[PDB]
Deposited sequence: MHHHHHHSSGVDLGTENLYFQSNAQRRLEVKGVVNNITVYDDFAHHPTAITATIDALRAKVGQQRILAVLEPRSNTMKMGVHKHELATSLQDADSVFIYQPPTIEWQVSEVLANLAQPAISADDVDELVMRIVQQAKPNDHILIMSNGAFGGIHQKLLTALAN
């Protein structure tokens, strides 16, 4: 749960298995409890209005599309983006990520090794 995979440029990268609305909600809330006002960048690999609601506390939202993700993101007015390629999604993240951010990677799979991709790309 919220396993810290690394810190690069004061940006913490975490992995968590949550990928259904109820667990996503709990997981972001548990992270918020620790990080306070510091930014949560939520990065989800799913397996709709409930899903949007589960992501609403995250300061920026990234969804990998491996149904239509656009309908989920339309409800979120914070920065929210989908990508259909893991390296592209890593670029999207790196373009927004700043020191003191918390990148929360939510998937029960390898997600192309995105946590390692980020630790490399953020340096």
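- Gaps between the deposited sequence and the modelled structure occur at positions 1-26, 74-82, 102-105, 163.
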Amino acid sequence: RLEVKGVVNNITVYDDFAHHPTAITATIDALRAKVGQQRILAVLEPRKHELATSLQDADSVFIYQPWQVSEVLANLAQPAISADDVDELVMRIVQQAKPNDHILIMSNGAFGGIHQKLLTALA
From here on, numbers count along this sequence of modelled residues.
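- In this entry, the higher average B-factor at the C-alpha atoms falls on 70-78, of the pair 32-40 and 70-78.
- With 102-110 and 18-26 compared on mean CA B-factor from the PDB entry, the stretch scoring higher is 18-26.
- Of the candidates 97, 90, 51, 58, it is 51 whose Cα B-factor is highest according to the PDB record.
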